[PDB]
Colleague: 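Quick one: structure below, then a few questions.
For the single chain, residues carry numbers from 1 onward in sequence order. Computed from heavy atoms alone, side chains included, the values below leave out hydrogens, waters and symmetry copies.
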Amino acid sequence: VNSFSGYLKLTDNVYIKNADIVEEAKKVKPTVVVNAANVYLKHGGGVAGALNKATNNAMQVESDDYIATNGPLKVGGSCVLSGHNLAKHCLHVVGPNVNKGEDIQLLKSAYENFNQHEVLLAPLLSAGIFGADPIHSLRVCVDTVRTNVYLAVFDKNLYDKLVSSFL
Ligand SMILES: CCc1c[nH]c2ncnc(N3CCC[C@H](Cc4nc(C)no4)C3)c12
């Protein structure tokens with residue numbers, strides 16, 4: 001038993017809700033919140049900009065130190081950093097950005113990072129400003145992630161299309 005509420009169960013291990021991941025995060029304090037990161041961990045907009053703003057820019061300060069030490073992430077890769085006031089940990093995962101021409105097949109690799117964590121609060125990778133089809137992202141998610149994932153979908157209209165179209 002865990003503390004997530006109001007989710008619809010899609011599969012054995014994947015759940016979905018219409019929710020603001022920031023507000024969902026501040027209420028659950030999950031062990032892991034996933035950030036929709038880029039390779040530079042520049043949290044300017046989308047999910048990342050929202051999570052970072054909610055941390056009072058502390059996520060960005062920590063991220064800049066991480067990059068200065070380690071260099072950029074790989075597309076499809078991830079790193080674990082602090083969750084600040086939102087979660088114990090933030091898993092920054094780099095899905096491919098279609099608006100940069102990155103290979104959508106890397107989306108499966110991106111979701112594989114979720115399997116290193118037993119339970120996660122997460123957005124749909126490569127959705128939103130990353131330019132992928134969210135219906136496809138949900139499919140790859142269901143077919144790749146084996147751990148328990150609670151997907152927060154900000155847009156109510158999108159949430160309903162994803163549920164109604166889910167096979
Ligand atoms: C500000 C956006 C936001 C606020 N609060 C949220 N809560 C859940 N999801 C959210 N996003 C919508 C946009 C796309 C994003 C997915 C994705 N961005 C990139 C790059 N690649 O994928 C997810 C949000």
Side-chain angles (χ1 to χ4, degrees), residues 1-22 24-25 28 30-41 43 45-48 50-51 59 63 66 70 72-81 83 86-155 157-167:
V1 180
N2 65 50
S3 158
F4 290 106
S5 186
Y7 286 75
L8 177 67
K9 182 171 179 61
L10 293 173
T11 67
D12 178 63
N13 65 297
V14 179
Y15 294 80
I16 194 166
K17 185 182 180 177
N18 175 216
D20 185 348
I21 192 172
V22 169
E24 194 75 9
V28 176
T31 305
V32 180
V33 68
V34 172
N35 181 31
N38 58 55
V39 297
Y40 306 110
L41 302 178
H43 310 301
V47 169
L51 290 170
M59 178 181 283
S63 292
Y66 173 92
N70 301 109
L73 295 184
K74 300 169 178 182
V75 181
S78 69
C79 67
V80 179
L81 290 172
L86 303 178
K88 185 167 190 322
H89 300 111
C90 180
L91 181 70
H92 295 273
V93 180
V94 183
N97 190 325
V98 176
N99 305 315
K100 302 172 175 179
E102 294 166 354
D103 165 25
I104 194 63
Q105 300 295 137
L106 288 169
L107 186 55
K108 189 170 182 77
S109 303
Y111 276 117
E112 288 171 341
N113 296 289
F114 290 26
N115 290 321
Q116 301 293 318
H117 304 277
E118 287 193 2
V119 182
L120 315 86
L121 172 64
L124 284 170
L125 298 179
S126 294
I129 68 174
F130 280 63
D133 177 7
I135 297 180
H136 174 64
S137 183
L138 176 56
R139 186 75 260 162
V140 179
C141 180
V142 158
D143 292 343
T144 306
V145 181
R146 298 177 301 283
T147 55
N148 294 142
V149 57
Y150 289 83
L151 293 170
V153 177
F154 180 57
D155 189 76
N157 189 294
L158 174 59
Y159 169 85
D160 290 350
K161 182 197 193 106
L162 288 167
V163 168
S164 285
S165 61
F166 183 73
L167 226 196

Colleague: Parallel, tilted or perpendicular for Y7 and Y150, by the 30°/60° rule?
Modeller: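 Aromatic pair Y7/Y150 classed perpendicular.
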
Colleague: With rounding to the nearest 0.5 Å, note down the distance linking CG in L121 to CG in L151.
Modeller: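 The CG atom of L151 is 8.5 Å from CG of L121, to the nearest 0.5 Å.
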
Colleague: Shortest non-hydrogen contact from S78 to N113?
Modeller: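 Looking at all heavy atoms of both residues, the shortest contact is OG-OD1, 2.9 Å.
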
Colleague: Which pair of heavy atoms, one from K17 and one from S5, lies closest together, and at what distance?
Modeller: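 For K17 versus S5, the nearest heavy atoms are NZ-O, 2.9 Å.
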
Colleague: Would you call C79 and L73 a side-chain contact if the rule is heavy atoms closer than 4.5 Å?
Modeller: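 A side-chain contact exists here, since the closest heavy-atom pair is under 4.5 Å.
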
Colleague: Indicate yes or no: at least one non-hydrogen side-chain atom of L10 is less than 4.5 angstrom from one of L138.
Modeller: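 Yes. Closest side-chain heavy atoms under 4.5 Å.
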
Colleague: Are any non-hydrogen side-chain atoms of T31 and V119 less than 4.5 angstrom apart?
Modeller: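 Contact flag for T31/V119 side chains = no.
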
Colleague: Out of curiosity, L107 CG to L124 CG, how far, rounded to the nearest 0.5 Å?
Modeller: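 That separation rounds to 9.5 Å.
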
Colleague: Ignoring hydrogens and geometry, is there a side-chain-to-backbone donor-acceptor pair from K74 to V94 under 3.5 Å?
Modeller: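 Judged by distance alone, no pair lies under 3.5 Å.
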
Colleague: Could you pull out the closest heavy-atom pair between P30 and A25, with the gap in Å?
Modeller: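 Closest pair (atom of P30, atom of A25, distance): CD-O, 3.7 Å.
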
Colleague: Could you report the tightest heavy-atom contact between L162 and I16, atom names first, then the distance?
Modeller: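 That would be CD1-CD1, 4.3 Å.
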
Colleague: Is it the case that the side chain of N35 and the backbone of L91 share a donor-acceptor pair, with hydrogens and angles ignored and the cut-off at 3.5 Å?
Modeller: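 Not a single qualifying donor-acceptor pair exists.
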
Colleague: Could you give the side-chain donor-acceptor pairs of residues 139-146 under 3.5 Å, partners two or more places apart or in another chain?
Modeller:
{"from": "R139", "atom 1": "NE", "to": "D143", "atom 2": "OD2", "distance (Å)": "3.3"}
{"from": "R139", "atom 1": "NH1", "to": "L167", "atom 2": "O", "distance (Å)": "3.1"}
{"from": "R139", "atom 1": "NH2", "to": "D143", "atom 2": "OD1", "distance (Å)": "3.1"}
{"from": "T144", "atom 1": "OG1", "to": "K108", "atom 2": "NZ", "distance (Å)": "2.9"}
{"from": "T144", "atom 1": "OG1", "to": "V140", "atom 2": "O", "distance (Å)": "2.7"}
{"from": "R146", "atom 1": "NH1", "to": "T144", "atom 2": "O", "distance (Å)": "3.4"}

Colleague: Enumerate donor-acceptor pairs with a distance under 3.5 Å from any side-chain N or O in residues 95-103 to protein atoms, sequence neighbours excluded.
Modeller:
{"from": "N97", "atom 1": "OD1", "to": "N99", "atom 2": "N", "distance (Å)": "2.8"}
{"from": "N99", "atom 1": "ND2", "to": "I129", "atom 2": "O", "distance (Å)": "2.8"}
{"from": "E102", "atom 1": "OE1", "to": "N97", "atom 2": "N", "distance (Å)": "2.8"}
{"from": "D103", "atom 1": "OD1", "to": "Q105", "atom 2": "N", "distance (Å)": "2.9"}

Colleague: Taking atom CD of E118 and atom CG of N13, what is their separation to the nearest 0.5 Å?
Modeller: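 CG of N13 is found 12.5 Å from CD of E118.
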
Colleague: Roughly how far apart are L8 CG and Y159 OH, rounded to 0.5 Å?
Modeller: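 One finds 4.5 Å between CG of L8 and OH of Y159.
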
Colleague: Among pairs that include at least one residue of residues 90-123, which meet ring-ring contact (aromatic ring centres under 6.0 Å, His included), considering only residues two or more places apart or in two chains?
Modeller: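 Counting only pairs at least two positions apart or across chains, the ring-ring contact (aromatic ring centres under 6.0 Å, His included) contacts touching residues 90-123 are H43-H92, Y111-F114.
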
Colleague: Without swapping roles, check the side chain of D20 against the backbone of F154 for a donor-acceptor pair under 3.5 Å.
Modeller: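 Absent.
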
Colleague: Output the distance between atom CG (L125) and atom CZ (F130), rounded to the nearest 0.5 Å.
Modeller: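 The CZ atom of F130 is 9.0 Å from CG of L125, to the nearest 0.5 Å.
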
Colleague: Does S3 use its side chain to pair, donor to acceptor, with the backbone of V28 at less than 3.5 Å?
Modeller: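 No; judged by distance alone, with no hydrogens or angles, the pair does not exist.
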
Colleague: For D12, is there any backbone N or O sitting under 3.5 Å from a side-chain donor or acceptor partner on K9?
Modeller: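 Here the side-chain-to-backbone pair exists.
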
Colleague: Can you check whether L51 reaches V22 side chain to side chain, under 4.5 Å on heavy atoms?
Modeller: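 A side-chain contact under 4.5 Å exists here.
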
